[PDB]
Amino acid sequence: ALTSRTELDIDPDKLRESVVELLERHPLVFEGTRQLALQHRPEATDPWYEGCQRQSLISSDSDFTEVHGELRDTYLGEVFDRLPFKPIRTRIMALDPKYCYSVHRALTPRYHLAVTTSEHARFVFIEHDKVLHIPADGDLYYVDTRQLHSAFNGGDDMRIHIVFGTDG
């Protein structure tokens, strides 16, 4: 299916406060889609940003396995503890205000946990002709972004998701 929900029973409000606090120490990079890597390659020199990527040439996710160490004392660490799968290349993926990206097919589905969002942030599946909202309800949403799609944020606030990759 396009999307499925899995209850993590995470507190959206404590999760937000934890993310907002982390970005004050480790700010998002890029524009349009702003990013922070939450997993890094073993023994990485640039653990907070190496995993961040948006150029046309996508590289493999398999090496970004280490949840950063300073997360285990934060509520954001609790999200990783509750995951029912082993995540790879986890990133904060924040859509800027009034921003959307190209209609395209992604390489791989991802799980999205919306941290901050609004009714103006949607996924748009072109062939399925469905519009999908991911609420900041503390639960995990599988989104099949291999389907022809775009995402937009028509609001004036950043739409912040945590986006988890998986092998299996």
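Residue positions are given as counts along the sequence shown, with the first one as 1.
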Fill in the blank from the handout: When mean C-alpha B-factors in the record are compared for 115-123 and 45-53, the larger belongs to 45-53
Exercise for the section: Please work out which of 6-14 and 141-149 has the higher mean CA B-factor as recorded in the PDB entry. Expected result: 6-14
Fill in the blank from the handout: Scanning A106, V131, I58, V29 for peak Cα temperature factor in the entry gives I58
Practice task
Please rank the C-alpha B-factors of the chain's modelled residues and tell me whether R34 sits in the lowest, middle or highest third.
Solution key: lowest
Handout entry: Third assignment of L71 from its chain's C-alpha B-factors
Key = highest
Problem - Ranked C-alpha temperature factor of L22 among modelled chain residues, by third - result: highest
Exercise for the section: Divide the modelled residues of the chain into thirds by Cα B-factor and specify which third, lowest, middle or highest, holds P87. Expected result: middle
